[PDB]
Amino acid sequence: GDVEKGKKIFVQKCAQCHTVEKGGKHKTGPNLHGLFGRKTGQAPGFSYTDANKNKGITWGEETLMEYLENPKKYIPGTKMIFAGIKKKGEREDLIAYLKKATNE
C-alpha cells in the first residue's frame, strides 16, 4: 500500500483515539507502537475489554485487513467505536502506514 495515503487515512479516522509513536500515550484507545506481531489486548497499562483481550490473534497485515473492515464483527463487544473501512485499497494504504509508523 501507499504509506503517505495511509497516513492521511490514519489522521482522519484514527488519530483522535490512537497514537502510533514510540512511547506515545494511551488516549481513548491504546498506543499502537509495536502492534505488528503482538497478540490482541497486550499494550501495557490500558483498560481493554475482555473481548479485545480474549480474541487471541496475532496482529499483522492480514488480521488487520479483516479487523478494519468491520471491527465489531471481528471482536464482538469491543469498545472501539468505528464502523470499519470496506474499501480494500484504503485498508491496504492504512496498514502500510501502520507497518512503518508503529515500527519507527
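Residues carry their position along the shown sequence, with the first being 1.
Would you tell me which stretch averages the higher CA B-factor in the PDB entry, 72 to 80 or 33 to 41? The stretch with the larger mean CA B-factor is 72 to 80.
Compare the C-alpha B factor of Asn54 with those of the other modelled residues in its chain, then answer lowest, middle or highest third. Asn54: CA B-factor falls in the highest third of its chain.
Third of chain Cα B-factors occupied by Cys17: For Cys17, whose C-alpha B-factor we compare with every modelled residue in the chain, the answer is the lowest third.
Cα B factor band for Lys99 (lowest, middle or highest third within the chain): Lowest third - that is where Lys99 ends up once the chain's C-alpha B-factors are sorted.
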